[PDB]
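> Pasting in a structure now, in structure tokens, and then I'll have a few things to ask.
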There are 2 protein chains.
Amino acid sequence: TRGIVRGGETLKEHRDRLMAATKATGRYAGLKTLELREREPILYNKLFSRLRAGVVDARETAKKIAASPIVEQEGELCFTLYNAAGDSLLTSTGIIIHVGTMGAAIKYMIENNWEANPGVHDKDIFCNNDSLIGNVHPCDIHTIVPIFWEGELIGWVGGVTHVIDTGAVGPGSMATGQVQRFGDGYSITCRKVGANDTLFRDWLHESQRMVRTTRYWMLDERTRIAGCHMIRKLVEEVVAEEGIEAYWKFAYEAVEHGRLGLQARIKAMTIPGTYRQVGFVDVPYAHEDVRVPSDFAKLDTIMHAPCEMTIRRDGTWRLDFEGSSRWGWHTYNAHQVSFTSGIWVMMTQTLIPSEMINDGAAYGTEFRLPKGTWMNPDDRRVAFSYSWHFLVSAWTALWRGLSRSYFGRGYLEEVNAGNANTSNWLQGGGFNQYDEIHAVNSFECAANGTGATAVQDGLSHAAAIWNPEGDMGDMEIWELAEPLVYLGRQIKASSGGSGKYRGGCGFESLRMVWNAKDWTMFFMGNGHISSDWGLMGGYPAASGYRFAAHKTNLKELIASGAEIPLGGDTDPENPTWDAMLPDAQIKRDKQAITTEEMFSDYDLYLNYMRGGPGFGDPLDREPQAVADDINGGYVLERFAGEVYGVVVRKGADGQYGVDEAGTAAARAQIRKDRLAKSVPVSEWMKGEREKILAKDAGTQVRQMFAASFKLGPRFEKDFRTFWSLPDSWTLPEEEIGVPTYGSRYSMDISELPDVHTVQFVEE
Amino acid sequence: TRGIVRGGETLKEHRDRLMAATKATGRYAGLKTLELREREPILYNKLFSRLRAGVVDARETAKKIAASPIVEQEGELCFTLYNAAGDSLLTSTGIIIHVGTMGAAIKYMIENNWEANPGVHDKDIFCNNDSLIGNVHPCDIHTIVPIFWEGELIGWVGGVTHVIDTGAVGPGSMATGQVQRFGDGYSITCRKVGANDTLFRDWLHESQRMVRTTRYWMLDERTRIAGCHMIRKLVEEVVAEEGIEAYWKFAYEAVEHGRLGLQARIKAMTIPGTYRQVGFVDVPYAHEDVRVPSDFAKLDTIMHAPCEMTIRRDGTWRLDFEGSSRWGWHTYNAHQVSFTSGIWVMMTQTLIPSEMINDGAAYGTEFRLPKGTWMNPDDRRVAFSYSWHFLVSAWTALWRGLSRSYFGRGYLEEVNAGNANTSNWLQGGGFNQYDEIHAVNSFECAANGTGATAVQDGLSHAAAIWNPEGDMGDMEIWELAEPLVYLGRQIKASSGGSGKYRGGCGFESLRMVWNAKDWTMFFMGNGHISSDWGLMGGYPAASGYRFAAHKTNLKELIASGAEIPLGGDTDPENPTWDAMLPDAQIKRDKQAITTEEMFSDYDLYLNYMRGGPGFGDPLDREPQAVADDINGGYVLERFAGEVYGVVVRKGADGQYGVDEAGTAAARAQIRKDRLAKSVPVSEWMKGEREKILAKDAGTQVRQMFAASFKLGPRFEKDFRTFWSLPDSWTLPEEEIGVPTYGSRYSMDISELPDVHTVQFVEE
Ligand SMILES: [Mn+2]
Ligand SMILES: [Mn+2]
């Protein structure tokens with residue numbers, strides 16, 4: 001029975017052959033030479049130039065079909081072209097993390113003999129979003145079309161859209177509320193959803209009633225299908241015009257070219273050696289306003305992600321996450337594919353922007369993700385809807401590590417202290433201004449600030465780790481899809497991390513609920529803990545907080561001519577809105593994660609997008625920059641002196657200027673205070689060691705270590721050595737008093753029948 | 001192109017033709033005469049006898065394929081045979097409410113042009129459980145196979161199994177936790193799940209990872225498929241032996257025969273006139289241990305289900321539920337198909353046992369269910385997982401109403417005061433004794449007690465409204481599938497409703513958690529309110545309560561030989577176990593509905609199945625019966641005197657005997673006390689009327705009326721008339737202080753694209 005691949009081999013035989021060559025030889029598919037590229041270089045780039053333009057243009061055109069602004073204006077969609085074995089050749093920009101996620105679904109089909117059943121046929125249509133096979137979160141939905149030529153498969157197209165909602169318990173796309181997979185939303189596992197280019201009615205009727213924002217989902221489906229088919233047609237025209245021979249060579253030489261590309265850029269931009277760095281984020285599920293149904297999920301915890309980054313003389317490199325913490329009862333878990341494609345999107349943004357963007361760099365990187373950590377769970381009950389919470393707090397560390405190598409070597413233009421927490425996600429549900437069931441999810445946190453450089457300040461309100469082409473979207477467009485009105489949009493002062501170069505500031509949006517019925521809202525970002533750290537000096541960006549006002553009496557206040565709250569929440573420590581709202585129930589605290597809360601018309605919700613970390617000692621910053629930050633609204637005048645040692649005087653014009661003698665003398669005095677207030681690290685260490693031996697820390701600090709030691713013995717060994725702790729000191733998780741469900745017992749997806757999962761990671 | 005039905009017409013043309021004949025003519029399909037039955041009655045019964053044997057025997061055989069005891073021992077499975085238009089011809093016994101649910105699924109396909117897409121092809125396999133189309137709850141999963149003959153559809157087979165769990169937020173089948181459809185478990189809308197008699201791999205992988213109890217679910221599929229295919233093969237053999245002409249006549253004359261049967265039985269057993277009755281149950285979501293994520297769902301409420309039953313001189317009859325309450329944010333909502341097939345299952349149990357069991361009676365009954373009530377919701381966010389809560393408390397009223405017509409006419413053998421609340425459902429989830437993810441759901445409440453008769457006492461621990469073939473299942477078999485050990489099984493004293501004839505007692509099961517890991521449990525029945533009422537006298541059965549013991553210290557108690565709790569909780573007002581467990585956290589209260597709660601090995605959970613209501617004035621009971629009840633454990637000795645006026649004396653043997661002279665005087669004395677403590681109803685009425693005018697009642701009493709008034713103007717008009725209330729007195733729901741989400745705004749499933757829903761009810 002002939003296999004369907006161009007060879008006559010099956011999908012499985014074909015890929016198994018290619019991975020064997022790759023393993024044995026060290027080069028993708030065994031390609032020790034690139035025949036087309038070396039011998040017919042003109043033909044090689046013409047294919048590259050024409051096909052990469054095709055997918056770029058497909059994404060840009062098709063996104064005019066969607067109703068949701070996330071797809072139509074922000075561009076949270078991607079199109080990828082794959083070879084037979086599910087390796088990408090080329091991609092449009094956008095949410096390119098799904099280069100790898102959709103590649104792994106293609107491989108899951110390959111490895112579980114979809115070929116025999118349900119069959120991969122021409123004109124078929126597959127839809128998938130299953131996180132257990134490596135997708136980021138259910139709200140990101142794939143369409144996958146096989147491409148055939150003269151009767152045989154020659155590759156695949158994938159299209160991803162980020163969809164408003166998938167019917168989880170939480171109303172929104174990064175939803176809280178649910179604590180397991182069951183309730184985490186509509187989960188599609190590589191389903192055959194069409195044949196002969198036409199969708200199945202039983203998929204249409206079932207799928208559309210599993211969600212709130214049906215019209216939005218329906219159109220997000222057509223944006224995918226139209227893109228896939230523009231790309232399928234593109235390929236056929238390219239093959240018919242240049243030949244299957246060349247196309248077939250290109251479909252694999254391109255992928256080894258991407259591996260060759262990563263190696264060469266490492267060797268030219270980096271330094272061999274070892275780099276160590278760590279990242280944390282908070283999960284405050286103890287609080288009253290995280291109302292979750294399962295009692296075993298109400299505890300505070302901290303995500304712990306240490307990375308040992310090894311860079312070798314031959315230009316390979318290794319990322320070891322030994323020491324990391326366990327998955328939990330929340331929606332912040334991830335998958336080994338999620339995680340590693342995340343690290344790949346980062347190398348598309350600094351290491352290989354000017355090389356082939358495809359799975360080549362993936363084959364040139366080594367990943368060790370211990371089984372059972374949050375980044376590699378071993379449990380099929382796990383939940384995913386806001387994977388970015390953990391994911392974006394782990395990858396930010398690696399910017400710093402990678403930036404020390406550019407800095408030592410002299411490529412200071414490339415240093416970057418890391419990504420912002422891509423957060424607060426305005427979410428809610430109910431009846432909207434068209435009186436339809438609806439959900440919300442602002443992609444304003446596509447435009448957080450970004451890490452400072454060794455050369456200049458980070459960009460404000462500019463980007464996210466998962467899409468560098470930032471877009472905040474127009475106020476006038478968002479108000480077509482949410483039942484809220486804007487009372488402010490404002491640069492978020494003192495959100496940027498301080499330094500010689502200041503991190504990018506976030507921004508803020510103040511909303512009034514308007515024309516909503518039976519409406520709820522919630523918040524979802526980091527509160528207690530800043531994920532990014534500064535670099536070579538350099539402080540973390542600000543962390544998160546919440547602001548909601550209920551019963552504002554704002555109908556009367558608007559109408560009677562009284563003061564009403566406008567703009568941003570400029571100094572949350574000295575607020576101005578609260579005085580204006582004497583009757584309101586104001587929620588102003590650090591609890592940056594909540595579940596659904598009744599809101600009504602004229603209630604208030606502050607949307608806050610985070611800043612980025614800074615670079616260098618702050619009192620090396622040029623004083624004039626500090627003064628300009630004060631006028632430009634970037635830094636509150638209070639910290640000009642307290643952080644930068646800059647003394648500013650207001651001119652007749654009302655703007656701030658530099659007092660130079662004052663600024664020098666204040667900097668001189670800060671240096672003596674630093675000497676006087678610090679102590680030798682020897683001294684501090686024996687103090688902290690006493691606290692450790694006494695087990696003096698909150699339950700969430702003690703749980704992070706207990707769980708981390710159990711998954712990563714080399715990390716426990718290192719902690720014990722560092723603090724010089726007796727073997728009599730032990731930290732069993734079960735002694736901390738907090739629930740410990742899922743700490744010993746777990747069941748993996750691979751323990752279910754007929755499941756063959758693909759491994760991409762050392763594990 | 002040509003339709004698929006044996007005629008050459010499409011499914012839709014075929015049914016549309018037949019429903020028009022039925023509307024114009026008053027007889028199913030226009031059959032004013034029954035050709036086969038009148039002309040070849042021998043051939044007519046031979047087809048009937050062989051086919052009903054086939055479905056009975058198919059259900060019986062295939063249930064030996066299941067691992068879950070729900071299907072294998074208790075038989076909560078059903079097989080039904082349908083004509084082309086989706087009308088049942090015959091059924092096996094068991095959970096026959098799905099006669100109507102699978103018929104409504106077949107008809108939904110007919111109306112939405114499944115024929116065009118995805119196509120109804122021979123050898124195909126459909127799977128469905130969608131409650132918006134009229135299924136009881138997600139856990140009841142249908143398999144639907146078309147039957148073809150010489151290339152044309154001649155009917156369908158449906159198979160139903162109750163599945164342990166479908167991946168709702170709650171672990172169990174009657175799950176709490178979720179408050180909307182989103183989270184209420186895996187919802188399949190008439191999916192084509194196989195072709196050429198083989199299941200699709202993408203359905204297999206996806207479906208098995210959306211639930212906990214996977215191996216159980218897998219085998220429940222094979223039990224369904226096998227029964228369908230035994231029945232498809234059966235028909236073909238019957239047709240090949242007797243001819244398509246005869247079978248095609250039978251497939252429709254059978255259904256008008258059933259309508260004729262309902263009419264003849266009404267006219268023979270009943271009295272024409274009007275019957276009025278009502279039913280209630282509790283929903284105290286206000287309590288701390290109902291932890292739901294949505295703040296708009298935390299309130300107490302009461303289901304209000306009034307029925308005006310009209311029986312006519314021509315033998316038709318009408319059931320109007322005007323006045324009923326609204327659907328809510330819980331899992332107790334229903335659907336018009338759910339509700340009406342319930343009343344049909346009830347009429348199979350008294351009215352037509354000896355007639356054709358098929359849709360004939362459905363065509364002979366009139367139903368009016370106001371749109372927007374809990375029984376006919378107009379909102380597609382609604383949740384269903386424990387529909388029986390409302391459903392079984394509504395139908396019990398109709399037994400009483402129907403019983404007054406037997407009692408007046410003299411068929412006292414047929415009187416029954418109503419069904420028990422079929423409840424408490426022991427449920428929970430975690431890791432079981434085989435160290436696999438698992439969920440539990442005891443079907444011990446298939447064997448509640450039943451209503452007393454005009455002739456004799458109700459049966460104890462015997463049946464449920466949805467399956468009169470009660471089975472409590474073996475202890476030894478239940479312990480193969482739950483990580484619990486039985487410490488007692490006991491008739492539940494004083495659970496039966498008191499009367500001249502006592503209602504049936506429930507029973508109770510005391511469990512110890514054993515060999516469980518990361519384990520939770522919860523409760524799900526009625527607490528505050530008894531659904532059934534007694535009759536012509538007659539008190540309701542006991543209502544519900546909860547008992548759990550945590551930290552029992554029972555390992556130590558067992559090992560040391562101290563007292564351990566065994567058996568049942570004989571007198572909850574004077575317990576013996578609580579003293580035995582001095583270290584325990586004991587939960588003993590009325591809160592019969594909880595969400596998930598951590599349990600551990602040696603903790604205790606009491607499973608309580610309810611009793612049935614009684615008949616007649618209790619102090620007409622033969623005193624000897626009261627004495628036997630006391631010894632037999634049915635009634636606690638305290639109430640012999642207080643309820644029955646029976647004075648019982650303990651003998652030399654230790655058993656109770658009747659004090660005859662004492663019992664006469666006590667009965668003489670009770671009658672004088674009854675006079676002395678009652679008042680003229682006029683007197684009592686003006687007191688209660690002041691309370692109404694003063695709005696003196698719990699928020700749950702005031703919300704039940706507010707919601708009912710808005711949905712049922714004739715009920716408000718009638719309330720106001722009865723209590724003589726000014727037009728100045730008004731009860732707006734929004735003044736009661738509790739959330740009112742979904743009270744004005746709603747969006748029906750019929751408002752989504754391409755949705756054509758079928759109407760079976762006056763509405
Ligand atoms: Mn997304
Ligand atoms: Mn069921």
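Just remember, in the structure tokens the first chain shown is A, the second B, etc., residues are 1-based per chain, and ligands are 1-based in the order shown.
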Set the cut-off to 7 Å and count only C-alpha atoms: what are the residues of chain A that reach chain B? Output as a VMD selection string.
chain A and resid 117 to 118 167 to 169 177 182 to 183 188 to 191 200 to 202 206 291 to 296 436 to 437 518 595 to 598 741 to 742 747
> Can you tell me which residues sit at most 12 Å away from ligand 1, counting only C-alpha atoms and all ligand atoms, written as an MDAnalysis selection string?
chainID A and resid 70:71 75:78 94:98 101 129 131 135:142 160:166 172:175 338 384:389 422 425 441:443 446 466:467
> Using only C-alpha atoms, which residues sit within 6 Å of stretch 494-505 of chain A once same-chain residues fewer than 5 positions away are excluded, as a list in words?
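Returned residues: residues 449, 450, 451, 452, 456, 457, 458, 459, 460, 538, 539, 540, 541, 542, 611, 612, 613, 614, 615, 616, 617, 618, 620, 621, 634 and 635 of chain A.
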> As a PyMOL selection string, please: all residues of stretch 229-451 of chain B that backbone DSSP puts in strand (DSSP E or B).
chain B and resi 273-284+300-311+317-320+326+365-368+373+419+427-431+437-441+448+450
> Quick one, how far is atom CA of residue B:445 from atom CA of residue B:321?
27.3 Å
> Show me, as a PyMOL selection string, the residues that have an atom within 9 Å of residue B:343 when counting only C-alpha atoms, minus same-chain residues fewer than 5 positions from it.
chain B and resi 97+348+395+398
> Counting only C-alpha atoms, which of B:44, B:478, B:248, B:545 gets nearest to residue B:73?
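With only C-alpha atoms as the atom set, the closest residue is B:478.
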> Which residues are near residue B:360? Cut-off 7 Å, only C-alpha atoms, ignore same chain within fewer than 6 positions. Put them as a VMD selection string.
chain B and resid 255 to 259
> Take the selection from the previous step and output its residues with C-alpha atoms, as a PDB file, in the first residue's frame.

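In the end it all went to selection00.pdb:
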```pdb
ATOM      1  CA  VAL B 255     -47.040   4.687  16.438  1.00  0.00           C
ATOM      2  CA  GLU B 256     -50.716   5.498  15.916  1.00  0.00           C
ATOM      3  CA  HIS B 257     -51.459   2.222  17.737  1.00  0.00           C
ATOM      4  CA  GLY B 258     -49.660   3.757  20.702  1.00  0.00           C
ATOM      5  CA  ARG B 259     -51.696   6.946  20.541  1.00  0.00           C
TER       6      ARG B 259
END
```
> Residues within 12 Å of residue A:409, please, as a PyMOL selection string. Count only C-alpha atoms; anything in the same chain fewer than 3 positions from it doesn't count.
chain A and resi 266-272+402-406+412-415
> Include C-alpha atoms and write out the residues we just selected as a short mmCIF file (atom, residue, chain, number, x, y, z; two decimals), in the first residue's frame.

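Result saved to again-v9.cif:
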```
data_model
loop_
_atom_site.label_atom_id
_atom_site.label_comp_id
_atom_site.auth_asym_id
_atom_site.auth_seq_id
_atom_site.Cartn_x
_atom_site.Cartn_y
_atom_site.Cartn_z
CA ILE A 266 26.25 32.51 17.54
CA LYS A 267 29.93 32.28 16.57
CA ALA A 268 29.99 35.89 15.31
CA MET A 269 27.90 37.65 18.07
CA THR A 270 28.62 35.58 21.23
CA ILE A 271 31.37 34.29 23.61
CA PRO A 272 31.63 30.59 24.59
CA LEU A 402 22.48 36.34 25.89
CA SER A 403 23.10 40.11 26.43
CA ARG A 404 26.22 39.55 28.56
CA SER A 405 27.85 37.94 25.52
CA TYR A 406 27.07 40.82 23.16
CA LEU A 412 26.28 46.84 22.41
CA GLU A 413 23.64 47.68 19.83
CA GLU A 414 22.26 44.15 20.46
CA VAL A 415 22.13 44.13 24.28
#
```
> Find the residues around residue A:570 up to 12 Å (only C-alpha atoms counted), leave out those fewer than 6 positions away in its own chain, and share them as a list in words.
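That gives residues 488, 489, 490, 491, 492, 493, 494, 495, 507, 508, 509, 510, 576, 577, 606, 608, 633, 634, 635, 636 and 637 of chain A.
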